[PDB]
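Q: Contents are mmCIF, N, CA and C atoms; file name my_file13.cif:
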data_data
loop_
_atom_site.label_atom_id
_atom_site.label_comp_id
_atom_site.auth_asym_id
_atom_site.auth_seq_id
_atom_site.Cartn_x
_atom_site.Cartn_y
_atom_site.Cartn_z
N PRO P 1 130.30 155.08 43.19
CA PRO P 1 130.08 154.71 41.77
C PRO P 1 131.33 155.01 40.96
N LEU P 2 131.26 154.79 39.65
CA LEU P 2 132.37 155.13 38.76
C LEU P 2 132.38 156.63 38.50
N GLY P 3 133.01 157.35 39.41
CA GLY P 3 133.07 158.80 39.31
C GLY P 3 133.17 159.41 40.68
N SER P 4 132.04 159.51 41.36
CA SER P 4 132.03 159.95 42.74
C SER P 4 132.45 158.81 43.66
N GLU P 5 133.26 159.12 44.65
CA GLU P 5 133.83 158.10 45.51
C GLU P 5 133.19 158.10 46.89
N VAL P 6 133.55 157.10 47.66
CA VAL P 6 133.13 156.98 49.04
C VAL P 6 134.36 156.90 49.93
N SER P 7 135.49 156.66 49.29
CA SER P 7 136.77 156.61 49.94
C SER P 7 137.84 157.10 48.98
N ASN P 8 138.69 157.98 49.47
CA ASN P 8 139.74 158.56 48.65
C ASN P 8 140.92 158.98 49.52
N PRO P 9 142.13 158.50 49.19
CA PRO P 9 143.35 158.74 49.98
C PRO P 9 143.78 160.20 49.99
N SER P 10 143.78 160.83 48.82
CA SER P 10 144.22 162.20 48.68
C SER P 10 143.27 163.14 49.40
N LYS P 11 142.00 162.76 49.42
CA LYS P 11 140.99 163.54 50.11
C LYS P 11 141.06 163.27 51.61
N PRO P 12 141.23 164.33 52.43
CA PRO P 12 141.28 164.21 53.89
C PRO P 12 140.15 163.37 54.45
N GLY P 13 140.50 162.51 55.38
CA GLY P 13 139.53 161.64 56.02
C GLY P 13 140.07 161.08 57.30
N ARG P 14 140.37 161.96 58.24
CA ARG P 14 140.95 161.57 59.50
C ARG P 14 139.88 161.04 60.44
N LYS P 15 140.30 160.42 61.52
CA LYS P 15 139.38 159.89 62.50
C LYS P 15 139.31 160.81 63.71
N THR P 16 138.21 161.52 63.86
CA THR P 16 138.02 162.34 65.04
C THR P 16 136.96 161.74 65.95
N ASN P 17 136.82 162.31 67.14
CA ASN P 17 135.84 161.85 68.12
C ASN P 17 134.42 162.00 67.58
N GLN P 18 134.10 163.18 67.07
CA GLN P 18 132.77 163.44 66.50
C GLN P 18 132.45 162.45 65.39
N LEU P 19 133.43 162.21 64.51
CA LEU P 19 133.25 161.31 63.38
C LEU P 19 132.89 159.91 63.85
N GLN P 20 133.73 159.34 64.69
CA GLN P 20 133.52 157.99 65.20
C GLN P 20 132.27 157.94 66.07
N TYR P 21 132.01 159.04 66.77
CA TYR P 21 130.84 159.16 67.62
C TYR P 21 129.57 158.95 66.82
N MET P 22 129.30 159.83 65.87
CA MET P 22 128.01 159.81 65.18
C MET P 22 127.83 158.51 64.42
N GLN P 23 128.95 157.93 63.98
CA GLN P 23 128.93 156.69 63.23
C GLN P 23 128.34 155.56 64.06
N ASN P 24 128.92 155.32 65.22
CA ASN P 24 128.48 154.22 66.07
C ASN P 24 127.33 154.63 66.98
N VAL P 25 127.30 155.89 67.35
CA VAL P 25 126.33 156.38 68.30
C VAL P 25 125.03 156.82 67.64
N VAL P 26 125.13 157.76 66.71
CA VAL P 26 123.94 158.41 66.17
C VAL P 26 123.25 157.54 65.13
N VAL P 27 123.91 157.32 63.99
CA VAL P 27 123.27 156.60 62.89
C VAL P 27 123.03 155.14 63.24
N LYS P 28 123.93 154.53 64.00
CA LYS P 28 123.77 153.13 64.38
C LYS P 28 122.58 152.94 65.32
N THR P 29 122.29 153.94 66.14
CA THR P 29 121.12 153.88 67.02
C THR P 29 119.86 154.26 66.26
N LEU P 30 119.97 155.22 65.35
CA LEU P 30 118.89 155.55 64.43
C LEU P 30 118.49 154.29 63.68
N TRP P 31 119.51 153.52 63.31
CA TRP P 31 119.35 152.26 62.61
C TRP P 31 118.54 151.26 63.44
N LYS P 32 118.74 151.25 64.75
CA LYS P 32 118.14 150.24 65.61
C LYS P 32 116.67 150.51 65.88
N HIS P 33 116.17 151.65 65.40
CA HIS P 33 114.76 151.96 65.54
C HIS P 33 113.95 151.08 64.59
N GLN P 34 112.91 150.45 65.12
CA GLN P 34 112.12 149.49 64.35
C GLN P 34 111.20 150.21 63.37
N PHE P 35 111.18 151.53 63.43
CA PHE P 35 110.42 152.32 62.48
C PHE P 35 111.36 152.87 61.40
N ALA P 36 112.65 152.60 61.56
CA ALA P 36 113.66 153.08 60.63
C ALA P 36 113.95 152.03 59.57
N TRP P 37 113.13 150.99 59.53
CA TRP P 37 113.35 149.87 58.63
C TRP P 37 113.22 150.24 57.14
N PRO P 38 112.35 151.20 56.72
CA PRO P 38 112.26 151.60 55.31
C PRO P 38 113.48 152.40 54.86
N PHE P 39 114.34 152.73 55.81
CA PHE P 39 115.54 153.50 55.52
C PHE P 39 116.77 152.60 55.59
N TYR P 40 116.52 151.29 55.59
CA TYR P 40 117.60 150.31 55.63
C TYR P 40 118.17 150.08 54.23
N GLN P 41 117.49 150.60 53.23
CA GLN P 41 117.88 150.36 51.85
C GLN P 41 118.14 151.67 51.12
N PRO P 42 119.34 151.80 50.53
CA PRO P 42 119.74 153.00 49.81
C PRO P 42 118.99 153.17 48.49
N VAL P 43 118.81 154.42 48.07
CA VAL P 43 118.17 154.69 46.80
C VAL P 43 119.12 154.36 45.64
N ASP P 44 119.00 153.13 45.17
CA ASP P 44 119.75 152.67 44.01
C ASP P 44 118.98 153.01 42.74
N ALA P 45 117.73 153.44 42.95
CA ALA P 45 116.80 153.82 41.87
C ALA P 45 116.22 152.60 41.17
N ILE P 46 117.06 151.63 40.85
CA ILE P 46 116.59 150.42 40.19
C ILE P 46 115.97 149.46 41.20
N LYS P 47 116.73 149.15 42.25
CA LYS P 47 116.30 148.21 43.28
C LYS P 47 114.93 148.56 43.86
N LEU P 48 114.79 149.80 44.31
CA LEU P 48 113.55 150.25 44.94
C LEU P 48 112.59 150.83 43.91
N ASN P 49 113.02 150.84 42.65
CA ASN P 49 112.22 151.33 41.53
C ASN P 49 111.79 152.79 41.74
N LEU P 50 112.77 153.65 41.93
CA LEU P 50 112.53 155.08 42.10
C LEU P 50 113.27 155.88 41.02
N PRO P 51 112.72 155.93 39.79
CA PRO P 51 113.38 156.58 38.66
C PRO P 51 113.25 158.10 38.68
N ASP P 52 112.10 158.60 39.11
CA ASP P 52 111.85 160.03 39.15
C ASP P 52 112.35 160.63 40.46
N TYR P 53 112.82 159.76 41.33
CA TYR P 53 113.42 160.16 42.60
C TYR P 53 114.62 161.08 42.35
N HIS P 54 115.39 160.74 41.32
CA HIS P 54 116.61 161.46 40.98
C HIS P 54 116.30 162.79 40.29
N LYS P 55 115.02 163.08 40.12
CA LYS P 55 114.61 164.30 39.44
C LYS P 55 113.98 165.29 40.42
N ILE P 56 113.17 164.78 41.32
CA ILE P 56 112.48 165.63 42.29
C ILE P 56 113.36 165.87 43.53
N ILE P 57 113.89 164.79 44.08
CA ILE P 57 114.70 164.89 45.29
C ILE P 57 116.12 165.32 44.93
N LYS P 58 116.63 166.31 45.66
CA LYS P 58 117.93 166.90 45.37
C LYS P 58 119.06 165.90 45.63
N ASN P 59 119.12 165.39 46.85
CA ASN P 59 120.13 164.40 47.21
C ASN P 59 119.46 163.13 47.72
N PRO P 60 119.16 162.19 46.82
CA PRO P 60 118.56 160.90 47.18
C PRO P 60 119.45 160.08 48.11
N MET P 61 119.23 160.25 49.41
CA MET P 61 120.00 159.56 50.43
C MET P 61 119.07 158.99 51.48
N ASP P 62 119.61 158.13 52.31
CA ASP P 62 118.83 157.39 53.28
C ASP P 62 119.63 157.24 54.57
N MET P 63 119.94 156.01 54.94
CA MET P 63 120.74 155.76 56.13
C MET P 63 121.91 154.86 55.81
N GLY P 64 121.78 154.10 54.73
CA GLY P 64 122.82 153.18 54.35
C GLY P 64 123.89 153.88 53.56
N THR P 65 123.51 155.00 52.97
CA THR P 65 124.44 155.83 52.22
C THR P 65 125.24 156.71 53.16
N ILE P 66 124.56 157.26 54.16
CA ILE P 66 125.22 158.06 55.19
C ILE P 66 126.28 157.22 55.90
N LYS P 67 125.88 156.04 56.35
CA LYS P 67 126.78 155.16 57.07
C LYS P 67 127.91 154.66 56.16
N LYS P 68 127.66 154.63 54.85
CA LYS P 68 128.68 154.18 53.91
C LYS P 68 129.85 155.15 53.86
N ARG P 69 129.54 156.44 53.79
CA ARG P 69 130.56 157.47 53.79
C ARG P 69 131.25 157.56 55.15
N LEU P 70 130.51 157.25 56.21
CA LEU P 70 131.05 157.29 57.56
C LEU P 70 132.05 156.16 57.79
N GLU P 71 131.66 154.94 57.44
CA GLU P 71 132.52 153.78 57.66
C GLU P 71 133.73 153.80 56.73
N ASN P 72 133.61 154.53 55.63
CA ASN P 72 134.70 154.65 54.67
C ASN P 72 135.51 155.92 54.93
N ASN P 73 135.17 156.61 56.02
CA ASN P 73 135.87 157.83 56.42
C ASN P 73 135.93 158.85 55.29
N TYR P 74 134.77 159.18 54.74
CA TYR P 74 134.71 160.12 53.64
C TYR P 74 135.03 161.54 54.08
N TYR P 75 134.47 161.95 55.20
CA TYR P 75 134.70 163.29 55.70
C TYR P 75 135.87 163.33 56.65
N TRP P 76 136.03 164.48 57.27
CA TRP P 76 137.03 164.69 58.29
C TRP P 76 136.40 164.46 59.65
N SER P 77 135.20 164.99 59.81
CA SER P 77 134.49 164.92 61.06
C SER P 77 132.99 164.79 60.80
N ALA P 78 132.23 164.53 61.85
CA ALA P 78 130.79 164.27 61.72
C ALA P 78 130.02 165.52 61.32
N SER P 79 130.67 166.67 61.39
CA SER P 79 130.04 167.93 61.02
C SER P 79 129.65 167.93 59.54
N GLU P 80 130.38 167.16 58.73
CA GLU P 80 130.10 167.08 57.31
C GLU P 80 128.96 166.11 57.04
N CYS P 81 128.75 165.19 57.98
CA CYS P 81 127.68 164.21 57.87
C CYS P 81 126.34 164.85 58.20
N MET P 82 126.39 165.97 58.92
CA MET P 82 125.19 166.72 59.28
C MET P 82 124.44 167.17 58.03
N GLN P 83 125.15 167.22 56.91
CA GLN P 83 124.56 167.60 55.64
C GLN P 83 123.69 166.48 55.10
N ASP P 84 124.29 165.31 54.93
CA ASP P 84 123.60 164.17 54.34
C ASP P 84 122.50 163.66 55.26
N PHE P 85 122.76 163.69 56.56
CA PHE P 85 121.77 163.29 57.55
C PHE P 85 120.53 164.18 57.47
N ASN P 86 120.76 165.47 57.26
CA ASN P 86 119.67 166.44 57.19
C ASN P 86 118.82 166.20 55.94
N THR P 87 119.47 165.87 54.84
CA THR P 87 118.78 165.67 53.58
C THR P 87 117.94 164.39 53.59
N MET P 88 118.47 163.33 54.19
CA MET P 88 117.76 162.05 54.24
C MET P 88 116.36 162.21 54.83
N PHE P 89 116.23 163.08 55.83
CA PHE P 89 114.96 163.29 56.50
C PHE P 89 114.04 164.16 55.65
N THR P 90 114.58 165.22 55.08
CA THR P 90 113.80 166.15 54.28
C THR P 90 113.31 165.49 53.01
N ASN P 91 114.18 164.69 52.42
CA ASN P 91 113.87 163.92 51.20
C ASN P 91 112.55 163.16 51.36
N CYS P 92 112.39 162.48 52.49
CA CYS P 92 111.19 161.71 52.76
C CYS P 92 109.97 162.62 52.88
N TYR P 93 110.16 163.77 53.53
CA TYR P 93 109.07 164.72 53.76
C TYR P 93 108.59 165.34 52.45
N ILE P 94 109.50 165.46 51.49
CA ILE P 94 109.19 166.10 50.22
C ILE P 94 108.54 165.13 49.24
N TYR P 95 109.21 164.01 48.99
CA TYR P 95 108.74 163.05 48.00
C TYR P 95 107.44 162.39 48.46
N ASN P 96 107.38 162.08 49.75
CA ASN P 96 106.23 161.38 50.30
C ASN P 96 105.26 162.36 50.94
N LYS P 97 103.99 162.00 50.97
CA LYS P 97 102.97 162.84 51.57
C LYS P 97 103.06 162.77 53.10
N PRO P 98 102.65 163.85 53.79
CA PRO P 98 102.72 163.93 55.26
C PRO P 98 101.83 162.90 55.96
N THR P 99 101.02 162.19 55.20
CA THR P 99 100.14 161.17 55.74
C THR P 99 100.70 159.77 55.49
N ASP P 100 101.91 159.70 54.94
CA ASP P 100 102.52 158.41 54.63
C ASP P 100 103.19 157.82 55.85
N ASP P 101 103.32 156.51 55.85
CA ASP P 101 103.89 155.78 56.97
C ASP P 101 105.37 156.12 57.13
N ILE P 102 106.07 156.22 56.01
CA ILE P 102 107.49 156.55 56.02
C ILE P 102 107.73 157.93 56.63
N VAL P 103 106.82 158.86 56.36
CA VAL P 103 106.91 160.20 56.93
C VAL P 103 106.68 160.13 58.43
N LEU P 104 105.64 159.40 58.82
CA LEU P 104 105.30 159.23 60.23
C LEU P 104 106.48 158.64 60.98
N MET P 105 107.16 157.72 60.32
CA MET P 105 108.33 157.08 60.89
C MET P 105 109.49 158.07 60.99
N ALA P 106 109.76 158.77 59.89
CA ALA P 106 110.85 159.74 59.84
C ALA P 106 110.74 160.77 60.97
N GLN P 107 109.51 161.21 61.24
CA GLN P 107 109.25 162.18 62.29
C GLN P 107 109.74 161.66 63.65
N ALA P 108 109.48 160.38 63.92
CA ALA P 108 109.88 159.77 65.18
C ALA P 108 111.37 159.44 65.17
N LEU P 109 111.85 158.99 64.02
CA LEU P 109 113.26 158.67 63.82
C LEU P 109 114.13 159.88 64.14
N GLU P 110 113.64 161.06 63.77
CA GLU P 110 114.36 162.31 63.96
C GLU P 110 114.61 162.60 65.44
N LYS P 111 113.79 162.03 66.31
CA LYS P 111 113.89 162.30 67.74
C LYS P 111 115.17 161.73 68.30
N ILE P 112 115.45 160.47 67.97
CA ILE P 112 116.66 159.82 68.45
C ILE P 112 117.89 160.39 67.75
N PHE P 113 117.67 160.96 66.57
CA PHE P 113 118.74 161.63 65.84
C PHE P 113 119.27 162.81 66.66
N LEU P 114 118.40 163.79 66.93
CA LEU P 114 118.81 164.98 67.68
C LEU P 114 119.18 164.62 69.11
N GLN P 115 118.57 163.55 69.62
CA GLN P 115 118.82 163.05 70.96
C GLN P 115 120.31 162.79 71.18
N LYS P 116 120.90 162.05 70.26
CA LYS P 116 122.29 161.64 70.37
C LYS P 116 123.22 162.75 69.90
N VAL P 117 122.70 163.61 69.04
CA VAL P 117 123.47 164.72 68.48
C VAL P 117 123.67 165.81 69.52
N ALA P 118 122.66 166.03 70.36
CA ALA P 118 122.75 167.04 71.40
C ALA P 118 123.78 166.63 72.44
N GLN P 119 124.09 165.34 72.46
CA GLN P 119 125.03 164.79 73.42
C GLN P 119 126.40 164.60 72.77
N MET P 120 126.53 165.07 71.54
CA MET P 120 127.79 165.02 70.82
C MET P 120 128.87 165.81 71.55
N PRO P 121 130.14 165.41 71.41
CA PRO P 121 131.27 166.18 71.94
C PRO P 121 131.33 167.56 71.29
N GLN P 122 130.89 168.57 72.03
CA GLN P 122 130.76 169.92 71.51
C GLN P 122 132.11 170.61 71.32
N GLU P 123 133.17 169.87 71.59
CA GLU P 123 134.50 170.41 71.53
C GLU P 123 135.29 169.79 70.39
N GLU P 124 135.04 168.50 70.17
CA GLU P 124 135.71 167.71 69.13
C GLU P 124 137.15 167.39 69.53
N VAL P 125 137.53 166.14 69.32
CA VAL P 125 138.86 165.66 69.65
C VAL P 125 139.35 164.74 68.54
N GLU P 126 140.31 165.20 67.76
CA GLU P 126 140.89 164.37 66.72
C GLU P 126 141.65 163.22 67.35
N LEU P 127 141.39 162.01 66.88
CA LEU P 127 141.99 160.84 67.48
C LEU P 127 143.42 160.66 66.98
N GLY U 1 105.62 149.51 48.58
CA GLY U 1 106.66 150.56 48.42
C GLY U 1 106.22 151.87 49.02
N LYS U 2 106.46 152.97 48.31
CA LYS U 2 106.09 154.29 48.79
C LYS U 2 104.57 154.45 48.81
N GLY U 3 104.00 154.43 50.00
CA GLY U 3 102.57 154.55 50.14
C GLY U 3 102.02 153.66 51.23
N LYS U 4 102.22 154.09 52.48
CA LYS U 4 101.70 153.39 53.65
C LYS U 4 102.28 151.98 53.77
N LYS U 5 103.47 151.89 54.35
CA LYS U 5 104.16 150.61 54.51
C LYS U 5 103.74 149.92 55.81
N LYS U 6 102.45 149.64 55.94
CA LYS U 6 101.93 148.99 57.13
C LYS U 6 101.58 147.55 56.83
#
Could you rewrite the structure in this file as structure tokens?
A:
Amino acid sequence: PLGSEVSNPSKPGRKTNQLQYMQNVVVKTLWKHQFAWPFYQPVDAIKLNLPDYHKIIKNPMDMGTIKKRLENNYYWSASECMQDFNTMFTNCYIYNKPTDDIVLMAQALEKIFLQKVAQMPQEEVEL
Amino acid sequence: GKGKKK
């Protein structure tokens, strides 16, 4: 937006193995889950009509926002993405009731998340 | 929307 960025030259944003890994491996596969479809759209607040979302939920994020910072090389490595990825899941659990479809989906979505994360390069290699 | 997207 006009203020907070998704890409910035002065701000470090190198390409490491972990970074490129989670981008194409983790979130892109999370994306391919047919239950991850309600997370295909970022919280624009207006588009999805979520005005009080920005009041209750701390960091209104999803999967399109995470991948946006990833493809724009916002961080240095995927370790920084572990923050936004973590919030996207909790956000759904908090705003939505545990009996909601989106919650039921998020629970299953989380499986492939940790699945690919456990297989992450535990050493890291800057490209 | 938010509320059972089935």
Q: Could you give me, as a tab-separated table (two decimals) with N, CA and C atoms, in the frame of the given file, the residues within 12 Å of residue 82 of chain P, counting only C-alpha atoms and dropping anything in the same chain fewer than 6 positions from it?
A:
chain	number	residue	atom	x	y	z
P	18	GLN	N	134.10	163.18	67.07
P	18	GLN	CA	132.77	163.44	66.50
P	18	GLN	C	132.45	162.45	65.39
P	19	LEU	N	133.43	162.21	64.51
P	19	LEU	CA	133.25	161.31	63.38
P	19	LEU	C	132.89	159.91	63.85
P	22	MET	N	129.30	159.83	65.87
P	22	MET	CA	128.01	159.81	65.18
P	22	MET	C	127.83	158.51	64.42
P	23	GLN	N	128.95	157.93	63.98
P	23	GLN	CA	128.93	156.69	63.23
P	23	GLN	C	128.34	155.56	64.06
P	26	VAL	N	125.13	157.76	66.71
P	26	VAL	CA	123.94	158.41	66.17
P	26	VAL	C	123.25	157.54	65.13
P	27	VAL	N	123.91	157.32	63.99
P	27	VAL	CA	123.27	156.60	62.89
P	27	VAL	C	123.03	155.14	63.24
P	66	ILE	N	124.56	157.26	54.16
P	66	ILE	CA	125.22	158.06	55.19
P	66	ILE	C	126.28	157.22	55.90
P	67	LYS	N	125.88	156.04	56.35
P	67	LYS	CA	126.78	155.16	57.07
P	67	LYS	C	127.91	154.66	56.16
P	70	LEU	N	130.51	157.25	56.21
P	70	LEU	CA	131.05	157.29	57.56
P	70	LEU	C	132.05	156.16	57.79
P	75	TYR	N	134.47	161.95	55.20
P	75	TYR	CA	134.70	163.29	55.70
P	75	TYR	C	135.87	163.33	56.65
P	88	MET	N	118.47	163.33	54.19
P	88	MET	CA	117.76	162.05	54.24
P	88	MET	C	116.36	162.21	54.83
P	89	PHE	N	116.23	163.08	55.83
P	89	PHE	CA	114.96	163.29	56.50
P	89	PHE	C	114.04	164.16	55.65
P	113	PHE	N	117.67	160.96	66.57
P	113	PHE	CA	118.74	161.63	65.84
P	113	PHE	C	119.27	162.81	66.66
P	114	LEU	N	118.40	163.79	66.93
P	114	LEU	CA	118.81	164.98	67.68
P	114	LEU	C	119.18	164.62	69.11
P	117	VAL	N	122.70	163.61	69.04
P	117	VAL	CA	123.47	164.72	68.48
P	117	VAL	C	123.67	165.81	69.52
P	120	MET	N	126.53	165.07	71.54
P	120	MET	CA	127.79	165.02	70.82
P	120	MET	C	128.87	165.81	71.55
Q: Quick one: pull the distance between atom CA of residue 57 of chain P and atom N of residue 116 of chain P, Å, one decimal.
A: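 Taking atom CA of residue 57 of chain P as the start and atom N of residue 116 of chain P as the end point, the length is 25.9 Å.
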Q: Got a sec: who's within 7 Å of residue 3 of chain U, counting only N, CA and C atoms, leaving out chain neighbours fewer than 6 positions off, as a PyMOL selection string?
A: chain P and resi 100-102
Q: Rounded to one decimal place, report the atom CA of residue 36 of chain P-atom C of residue 51 of chain P distance in Å.
A: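 Atom-to-atom, atom CA of residue 36 of chain P and atom C of residue 51 of chain P are spaced 22.5 Å apart.
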Q: Please determine, counting all atoms listed in the file, which residue among P:94, P:45, P:107, P:99 has the shortest atom-to-atom distance to chain U.
A: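 Selected residue with least distance to chain U: P:99.
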Q: Counting only C-alpha atoms, which residues of chain P come no farther than 12 Å from chain U, as a compact mmCIF listing (two decimals) with N, CA and C atoms, keeping the file's coordinate frame?
A:
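Saved as selection09.txt:
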# COMPACT_ATOMS: atom_id res chain seq x y z
N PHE P 35 111.18 151.53 63.43
CA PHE P 35 110.42 152.32 62.48
C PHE P 35 111.36 152.87 61.40
N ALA P 36 112.65 152.60 61.56
CA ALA P 36 113.66 153.08 60.63
C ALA P 36 113.95 152.03 59.57
N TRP P 37 113.13 150.99 59.53
CA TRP P 37 113.35 149.87 58.63
C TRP P 37 113.22 150.24 57.14
N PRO P 38 112.35 151.20 56.72
CA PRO P 38 112.26 151.60 55.31
C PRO P 38 113.48 152.40 54.86
N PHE P 39 114.34 152.73 55.81
CA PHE P 39 115.54 153.50 55.52
C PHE P 39 116.77 152.60 55.59
N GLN P 41 117.49 150.60 53.23
CA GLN P 41 117.88 150.36 51.85
C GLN P 41 118.14 151.67 51.12
N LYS P 47 116.73 149.15 42.25
CA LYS P 47 116.30 148.21 43.28
C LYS P 47 114.93 148.56 43.86
N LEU P 48 114.79 149.80 44.31
CA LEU P 48 113.55 150.25 44.94
C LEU P 48 112.59 150.83 43.91
N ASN P 49 113.02 150.84 42.65
CA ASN P 49 112.22 151.33 41.53
C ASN P 49 111.79 152.79 41.74
N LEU P 50 112.77 153.65 41.93
CA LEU P 50 112.53 155.08 42.10
C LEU P 50 113.27 155.88 41.02
N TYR P 53 112.82 159.76 41.33
CA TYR P 53 113.42 160.16 42.60
C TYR P 53 114.62 161.08 42.35
N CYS P 92 112.39 162.48 52.49
CA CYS P 92 111.19 161.71 52.76
C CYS P 92 109.97 162.62 52.88
N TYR P 93 110.16 163.77 53.53
CA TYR P 93 109.07 164.72 53.76
C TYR P 93 108.59 165.34 52.45
N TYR P 95 109.21 164.01 48.99
CA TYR P 95 108.74 163.05 48.00
C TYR P 95 107.44 162.39 48.46
N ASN P 96 107.38 162.08 49.75
CA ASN P 96 106.23 161.38 50.30
C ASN P 96 105.26 162.36 50.94
N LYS P 97 103.99 162.00 50.97
CA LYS P 97 102.97 162.84 51.57
C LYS P 97 103.06 162.77 53.10
N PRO P 98 102.65 163.85 53.79
CA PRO P 98 102.72 163.93 55.26
C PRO P 98 101.83 162.90 55.96
N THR P 99 101.02 162.19 55.20
CA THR P 99 100.14 161.17 55.74
C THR P 99 100.70 159.77 55.49
N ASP P 100 101.91 159.70 54.94
CA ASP P 100 102.52 158.41 54.63
C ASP P 100 103.19 157.82 55.85
N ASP P 101 103.32 156.51 55.85
CA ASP P 101 103.89 155.78 56.97
C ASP P 101 105.37 156.12 57.13
N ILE P 102 106.07 156.22 56.01
CA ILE P 102 107.49 156.55 56.02
C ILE P 102 107.73 157.93 56.63
N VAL P 103 106.82 158.86 56.36
CA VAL P 103 106.91 160.20 56.93
C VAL P 103 106.68 160.13 58.43
N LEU P 104 105.64 159.40 58.82
CA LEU P 104 105.30 159.23 60.23
C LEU P 104 106.48 158.64 60.98
N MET P 105 107.16 157.72 60.32
CA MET P 105 108.33 157.08 60.89
C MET P 105 109.49 158.07 60.99
